[PDB]
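Below you'll find the structure, written out as structure tokens, and then a few comments.
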Amino acid sequence: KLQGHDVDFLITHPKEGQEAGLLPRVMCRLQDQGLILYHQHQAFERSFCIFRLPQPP
DNA sequence: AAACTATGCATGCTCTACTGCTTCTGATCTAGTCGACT
Ligand SMILES: Nc1ncnc2c1ncn2[C@H]1C[C@H](O)[C@@H](COP(=O)(O)NP(=O)(O)OP(=O)(O)O)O1
Ligand SMILES: [Mg+2]
């Protein structure tokens, strides 16, 4: 598809047994960066958000 | 020699405080239902 309504990703680690708490850390880091308008919760393995994309113009 | 007053005792009622036991209430928590999303 060339058009959509959302962008969906899947995060994994080829090595077994390391992504115990990956998502909270990445989400909080992005929030510190200042891009998440909405976090589903503001250990979980799923979340939907509303990113803040800066357009080139 | 008699009357007044200092001293004390015995008892009931009341404020005040303190310690301990029991019960009630505010606060900390899992099941059911509807709804959101993917
Ligand atoms: N009700 C459901 N039942 C089963 N699987 C589902 C599902 N809803 C989603 N999935 C699975 C399959 C879906 O591909 C994926 C999430 O896809 P989306 O972001 O909800 N819709 P997409 O991005 O594909 O299209 P568009 O750009 O037009 O909005 O999760
Ligand atoms: Mg999507």
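In listed order, ligands and their atoms are each counted from 1. Reminder, nothing fancy here: chain letters follow the sequence lines and each chain counts from 1.
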May I ask you to decide if A:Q40's main-chain N or O and A:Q42's side chain share a donor-acceptor pair within less than 3.5 Å?
no
What are the atoms of ligand 1, with element, lying closer than 4.0 Å to any heavy atom of A:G4?
27 (O)
Passes side-chain contact (heavy atoms from CB on, under 4.5 Å), A:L37 versus A:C49? Steps please.
CA-CA 7 Å; A:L37 272 78; A:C49 327; over 6 Å; no
Provide the closest heavy-atom pair for A:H13 versus A:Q18 in the form atom of the first, atom of the second, distance.
CD2-OE1, 3.2 Å
Would you say atom 1 (N) of ligand 1 has a protein heavy atom nearer than 4.0 Å?
no
For atom 25 (O) of ligand 1, which protein heavy atom lies nearest, and how many Å away is it?
A:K1 CE, 4.3 Å
Looking only at protein heavy atoms, what sits closest to atom 23 (O) of ligand 1 is A:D6 OD1, 3.0 Å
Under 4.0 Å from atom 29 (O) of ligand 1, is there any protein heavy atom?
yes
What distance separates A:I36 CD1 from A:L30 CG, expressed to the nearest 0.5 Å?
4.5 Å
Could you identify the single nearest non-hydrogen protein atom to atom 27 (O) of ligand 1 and state the distance to 0.1 Å?
A:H5 N, 2.9 Å
Close side-chain approach of A:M27 and A:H39, heavy atoms under 4.5 Å:
yes
Does an N or O anywhere in A:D8 fall below 3.5 Å from an N or O of ligand 1?
yes
Is there a protein heavy atom less than 4.0 Å away from atom 14 (O) of ligand 1?
no
In this structure, the Mg ion (ligand 2) sits at the vertex of an angle between OD1 of A:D8 and OD2 of A:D6 that rounds to 10° as 100°
Classify the angle between the aromatic ring planes of A:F44 and A:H41 as parallel (below 30°), tilted (30 to 60°) or perpendicular (above 60°).
parallel
Output for pair (A:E19 CD, A:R25 CZ), nearest 0.5 Å, gives 10.5 Å
Does atom 21 (N) of ligand 1 have any protein heavy atom closer than 4.0 Å?
no
